[PDB]
Every structure is written in structure tokens, then in C-alpha cells.
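> before the rest arrives, take these chain(s) from the complex:
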Amino acid sequence: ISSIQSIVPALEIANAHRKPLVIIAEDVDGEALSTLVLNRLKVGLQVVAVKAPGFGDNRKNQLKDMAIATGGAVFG
Amino acid sequence: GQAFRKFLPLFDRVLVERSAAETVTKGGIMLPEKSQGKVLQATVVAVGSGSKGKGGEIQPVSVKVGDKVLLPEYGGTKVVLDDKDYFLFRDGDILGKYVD
Amino acid sequence: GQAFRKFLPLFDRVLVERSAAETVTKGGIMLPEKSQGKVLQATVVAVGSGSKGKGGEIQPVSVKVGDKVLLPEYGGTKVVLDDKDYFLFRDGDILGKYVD
Amino acid sequence: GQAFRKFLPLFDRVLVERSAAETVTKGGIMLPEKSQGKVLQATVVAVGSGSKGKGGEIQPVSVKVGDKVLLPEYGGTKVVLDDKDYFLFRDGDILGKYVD
Amino acid sequence: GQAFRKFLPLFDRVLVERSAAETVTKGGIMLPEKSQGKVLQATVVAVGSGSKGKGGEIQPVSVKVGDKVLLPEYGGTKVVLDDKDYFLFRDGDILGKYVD
């Protein structure tokens, strides 16, 4: 997640529900990380980003396992 | 042509100012300053008399002062008037007009 | 010219929207999104007044609003109107129309 | 201009189909497919109204629908009309006709 | 325009055939085929109707069928008519003619 448009609507859903957001991604760099830290420091948006554990197919398997365990869906 | 804060564009040049960049989205997510690109929406603050298209008459520009216009991506000239930023385009380089 | 969603193109520009990309073939084979390139079919949603080809009169745009046209590969300008995508071409860059 | 297969070229454009590539020589030797380059012989299926060469009148194209022409090597645009391939040229880019 | 072997060039195009490459010198020395470059001497076999240089009239080509002309080194187009090679030039690319 590195672009503005790839991170804003998830943050909008999290901000419209008053509930914290945890991103588990391959990486969160670029402008998306700046948006995350700006919304965390200024207004106090509850959010945190974390890299995806695993290399290669193990990363895909572990992300799918986390999505099934939390009831979410793997993006991209 | 019409001058704006004691500046009159020459020939078929249009002086505009861009609309303010969006700081926050509709949800409420604060946007960062670096990621905000150049706003292609502008309002016309000054116009020139025009160029000569044919023989014996002046050809005026197609926008008026106060018109809301859509800027192109490349083709603006930096003008600093009273420590405020302004951009100079040609009349034919303006893509369109937000009529109301 | 004829405006569309409070936007009027200037000179000989033509604002169109592209036809939707094919999601499925005639049999039932679902197509992927990255494979689908830019659709060269479009419909004209806005036209401009025109340019000045000769002396004393202006030449109108040769397509009308609602015409089905075939876009070229390169030459479109991105216009976002009401968070929906639109493309701006010149009159001479339109290859042809589909008459019915 | 004359429209073909619910498609009308604009300005001075000309829609043609190339003749089929030679599969067998005069002796009887079967040719392969990757050998057969683009056939420069074509027949005109559609024409446009024309361009404005001078002031106050339209100038038609110099080929008719159903006329046999010689294409150049470069300058054609791909047009697909119900899965059959077609090529779009300018009027001035056509090398010559085959009068009969 | 004047047609040759049922081929009529369009606009200001001239179809010529080049003279034969010299095979033996005046002294009697046989020349190799690879050394013989393209012959810049040609005879005009077909002419187009011409272009429209000025308003309201057609401008014919400066050469007629049967003229002996001198070709430039570049600017010709290959045309194969009845398995024999011919070259297509513009009227203005012809350097000169050999009047007799």
C-alpha cells in the first residue's frame, strides 16, 4: 500500500464506525504511510500498520489464514 | 483586456489562480500536503485583448474574468503578484469551462 | 457548444465517455480486469462551439451530443466529473461514427 | 460520405479491406502464413464526407466505395467491425487506383 | 491523370520505370551486378491528375507520359505491376527532364 487511493476508503470506513484499524500488508510505504501517521498524530485516528510475515507462498498462506480467522478477505 | 492587481496580460494570455487543494476527504481523513498535486480547476482573474486571427480586426479571448475553467497539466507560467501565486496560460490551452 | 454536468469544452474539443469494458465473452468465459484495455468505442456527451477555420465565421464540431464514435489509441484528456471518468479529444482526432 | 456496416469515417478518412494473402503460387507451391506480409492491395468499403481545402465549400475524397486501391506500407488504423478486420487511411495517403 | 497497365496514380504522383543498369563499359569490360546501383534515369509511364495548388482549380503535374527524367537518390515507392518493378515519386521530387 503506497498510493493515496489504496488506503483512504478503508480509513473512511474505520472513521465512520469509530473503530480502530489494523493493516497487515506486504508493506505500507510512500504516501499511504504519511497519510496514516498524519491522521494518527493530528486528529487521533486509531490505526496501525504491520508488514506481512512470511516469504513467498508462506506469506500468502499466512495472510489467508489471518483473513479466515478474523472473517476478512485478502485484497490484491 | 482586463487587468488584475495592476497586471495586464498581453495578446491572448489568461491569468488564473488555481483552486485550493483538498486538505480533507468527505469521510474526514486528513490528506497530506506532498501527495496533493496541482489543482487543475481555476478561476480567471485577468484576460488579454487578444490576438489577430484575420486581417483588420482583433480576436478576443473566449473566457471572461471570473470564469471557472479547467487547466491542462502542462503549460502554465508562474506569476507572483503581491506575494500570491498566479498562472499564465494561452487562450487556446484552456480545456473547458464550468458554466453555471 | 452543448454543456454536460455544468462543463462546456472550449473551441473544437469533444467530451466523451467510453463504453464499458467486456467482462464476459459470448459463451460465458469471464474476462480479467487487467487484460481489458481502453475501450475505443465512446458516446459524445459534450461538444464545443468550434474553431475559426476561415474569416468571418466559426466552424462547428462535426459530431453531436449522443453520437456513437470510435476513439483513437492516443489523444484523450482525463476529466473527472461527479467522480466519474470522461475523456476530451479534438474534433479532428475522431476516427468515425456509428450511424443508425 | 458513404457509411459501411453502420460505420461512417469522418473528414477525409477512407475505410478499406485488404485483399486476401496469397496461399499458393502459380506453380503450386503452398506458401506459409508468417511469410505473407500485409497485402497492399485493397478495396474501398467506406468514405468520409471530406475536408475543407478552401473557403466556403467541402472537398470530397478522390476514391469511391468499391474501388480498387494500392495501400502504403505505413499509415493504416485498425478497425474491427463484427470480427472482420478493416483499415482506415487518409485520402492523401492512398498511392493509386486500379482502373478497369 | 494517365493510367499505365491498369494503374492510375493519385494526386501529384508520377509512376516511372528506371533505365537498365549498364552491364559492360564502353571499352568492353563486363560489370558486376552487385556494383551497379540504382539508375537515376527513368521514363514516365503514368501521371496523376494533380493537386490543388490554388483555390478553385486543379494543378497538373509538370511531366507527361513518355518524358525522360532524372530521379533523386531517395523518395521512390516500389510498385509491382505484372511482375515488373516501377517506382512512384511526387511531382516535385523530380530533379529534371532530358528534352530532345
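Done, it's in. Residues are numbered from 1 along each chain as shown, chains lettered A, B, ... in the order given.

> Excluding chain neighbours, give the residue nearest to the residue in chain B that chain D sits nearest to in space.
As assessed by Cβ to the nearest Cβ, chain D sits closest to residue B:54 within chain B, at 11.4 Å. No exception for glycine: its C-beta is placed from N, CA and C like everyone else's. Nearest residue to residue B:54 in three dimensions, chain neighbours excluded: residue C:55, at 4.4 Å (Cβ to Cβ, 6 or more residues apart in numbering or on different chains).

> Would you mind measuring from the one you found to residue C:92?
20 Å (Cβ to Cβ, to the nearest Å).

> right, and the residue of chain B closest to chain D touches residue C:58 too?
No. Residue B:54 is not in contact with residue C:58 according to Cβ atoms under 8 Å; the separation is 11.9 Å.

> Name the residues contacting each of these two.
Residues within reach of residue B:54 and of residue C:58 at once, by Cβ atoms under 8 Å, 6 or more residues apart in numbering or on different chains, are residue C:52.

> so how far is residue C:1 from the residue nearest to residue B:54?
21 Å.

> Kindly report the same for residue A:12.
Note on residue A:12: its distance to residue C:1, by Cβ to Cβ, is 37 Å.

> OK, contacts around the residue nearest to residue B:54?
Taking Cβ under 8 Å, 6+ apart as the test, what residue C:55 contacts is B:53, B:54, B:55, D:55.

> okay, which residue is most central for the chain?
Let's take chain A. By Cα atoms, centre = their mean, chain A has its centre lying nearest to residue A:23, at 2.1 Å.

> my question was about chain B
A centroid search over chain B (Cα atoms, centre = their mean) returns residue B:16, at 2.6 Å, as the residue closest to the centre.

> Verify the contact between that residue and residue B:71 for me.
Yes. Residue B:16 is within contact range of residue B:71, at 6.9 Å (criterion: Cβ under 8 Å).

> add one more, call it chain F:
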Amino acid sequence: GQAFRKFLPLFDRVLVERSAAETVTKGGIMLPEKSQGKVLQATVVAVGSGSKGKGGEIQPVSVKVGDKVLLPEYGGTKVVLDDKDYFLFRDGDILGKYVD
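Adding chain F to the chains above:
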């Protein structure tokens, strides 16, 4: 045209004296010389007769000797008159005028 220090520009050329570079800010912080780029504000000191835009009359320039003008970034020609710097532009390169 109007000459300056026994120098008369030709056709549509405008000779401008550039304004002195600012050496201190509004508070008292003195600026360095290498930091000071080329000043785009100028005064017109010399005016050429003009060019022939149409048939039978000369077209005068749109600036006057005394006008305060905004120079472009690139397009000036170096002129030294009485050991003093001057710059030569065309009429069309002048962006605008500071009318009072």
C-alpha cells in the same frame, strides 16, 4: 520605432532595461549576490517599428517606451550600450504589463 542611446531595434524587437535585483528583505536580512537570479521585471527603453502581419500595412508592437513589463524566463538577447546591460526580446515573448 523609437531609439534609445543611439540604438534602434529592427522589426518587432523590444529592448528592455531589467530592474535591479533586491539585496535586502523587508526586515533587514541582506541577500547574497549568487542567490539573486535574473529579474523578470523590466522597463521598455527601446521599440522597433514592427512587422508586416497583413498585406499593405506594418503592425506596431504592443508595448511603449516607458511601459513596465514582465519578462519570460528564456528568450532575451544580450546588448551592451555604454557599458550597461540591456536585453532584446520579441513582441510576442512579453508576458504582460503592469498598468497603473
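
> ok so the residue nearest to the centre of chain B is a strand residue?
Yes. Under DSSP: H, G, I helix; E, B strand; the rest coil, residue B:16 sits within a strand.

> which residues does the nearest residue to it once chain neighbours are set aside bridge with?
With sequence-adjacent residues excluded and distances taken as Cβ to Cβ, 6+ apart, residue B:16 is closest to residue B:42, at 3.9 Å. Per DSSP bridges, residues listed as beta-bridge partners of residue B:42: residue B:18, residue B:69.

> and residue B:42, how many neighbours does it have?
Using other Cβ atoms under 10 Å in any protein chain shown, residue B:42 has 23 neighbouring residues.

> is stretch A:7-27 anywhere near chain B?
Yes. Under the criterion of Cβ under 8 Å from any Cβ of the partner chain, stretch A:7-27 makes contact with chain B via A:8, A:9, A:11, A:12, A:15, A:16.

> Please identify the one among those that lies nearest to chain B.
Of all those, chain B sits closest to residue A:12, with 3.2 Å by Cβ to the nearest Cβ.

> The closest one against residue B:30, yeah?
No. Counting by Cβ under 8 Å, residue A:12 does not reach residue B:30; the two are 11.7 Å apart.

> And the residues of stretch A:7-27 next to chain B, which of them are buried?
A:8, A:11, A:15 (16 or more other Cβ atoms under 10 Å in any protein chain shown).

> Including distance to chain C, could those go into JSON lines?
Converted to JSON lines, these look like this (distance: Cβ to the nearest Cβ, whole Å):
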{"residue": "A:8", "distance to chain C": "13"}
{"residue": "A:11", "distance to chain C": "17"}
{"residue": "A:15", "distance to chain C": "19"}
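
> export the residues you listed to JSON lines and tack on secondary structure and distance to residue A:67?
Formatted as JSON lines, these follow (DSSP: H, G, I helix; E, B strand; the rest coil; distance: Cβ to Cβ, whole Å):
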{"residue": "A:8", "secondary structure": "helix", "distance to residue A:67": "21"}
{"residue": "A:11", "secondary structure": "helix", "distance to residue A:67": "19"}
{"residue": "A:15", "secondary structure": "helix", "distance to residue A:67": "22"}
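
> here's chain G, drop it on:
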Amino acid sequence: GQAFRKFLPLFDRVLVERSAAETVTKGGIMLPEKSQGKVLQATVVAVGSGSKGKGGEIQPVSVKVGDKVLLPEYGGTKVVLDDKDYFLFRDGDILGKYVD
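Putting chain G onto the chains we already have gives this:
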């Protein structure tokens, strides 16, 4: 146009031959062959009818056969007539004339 040894240039072309290269200096110091560059002095041996500068008449060339002219360094075409070298230029590429 005026033809030279049964060769007539077309439109605004001028056939000249260059003056012989200087073999020896004024004292007697003989020059070498590869030292002598292309001689820019020439005599006009053939002229063309001319081009069509305006409507309804042709513009003749500005040199006559037998005139002494100053060639530029690039812009000449080799013509071989009776095994001797000749050069073809445009009318406008000739720098000047040695009137006597």
C-alpha cells in the same frame, strides 16, 4: 526554363558548374589535390521555368544562364552529363551574384 546539353531542370532548380580549383598560388607554390575543397564559385548553365509563388502565374528564377554565382557549401545535387560534373541547387539557396 533554359536547357543545357538536353537537360532541363524542373520548377525552381538551377544547374551550375563549379569553377576549377586553384592548382598554383600567385608566386608559384603548387597546391595539392586533396587540399582543394569544393569551389563555391560557379557559372549557371541551366535554369528551370520556376515555381508558383502566388495565384495565376509562375515565379521565375532570379539567375540567368551564364551568370556567375556564389554557391553555399551544402545543398547541391550531383548531375553527370557527358561524363562531366554538374550541380543542381534550389533558386533560394544561391547566396549571391558576381555582377560585372
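
> Quick check: residues of chain B near chain A?
So chain B meets chain A at B:25, B:26, B:27, B:28, B:29, B:30, B:31, B:32, B:34, B:35 (Cβ under 8 Å from any Cβ).

> give the contact list for the spatially closest residue to the residue nearest to the centre of chain A that is not a sequence neighbour.
Distance criterion Cβ to Cβ, 6+ apart; nearest residue to residue A:23, sequence neighbours excluded, is residue A:49 at 4.3 Å. Going by Cβ under 8 Å, 6+ apart, residue A:49 touches A:1, A:22, A:23, A:25, A:28, A:33, A:36.

> What helix or strand is residue A:49 located in?
Using DSSP states H and E, residue A:49 falls within strand A:47-51.

> tell me which residues in the helix or strand following that strand are buried?
Remark: after strand A:47-51, the chain's next helix or strand is helix A:57-70, criterion DSSP H and E. Neighbour counts over helix A:57-70 (16+ other Cβ under 10 Å) mark residue A:63 as buried.

> Now secondary structure too, for the contacts of residue A:49, in CSV please.
Below are those laid out as CSV (three-state DSSP):
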residue, secondary structure
A:1, coil
A:22, strand
A:23, strand
A:25, strand
A:28, coil
A:33, helix
A:36, helix
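
> of all these, which two lie farthest apart?
Among the contacts of residue A:49, the pair separated by the greatest distance (Cβ to Cβ) is A:22 and A:33, at 14.6 Å.

> Those two: which is more packed in?
Each of residue A:22 and residue A:33 has its neighbours counted (other Cβ under 10 Å); residue A:33 has more, 16 against 11.

> Quick check: closest non-adjacent residue to that one.
Distances taken as Cβ to Cβ, 6+ apart place residue A:49 nearest to residue A:33, at 7.0 Å, with adjacent residues excluded.
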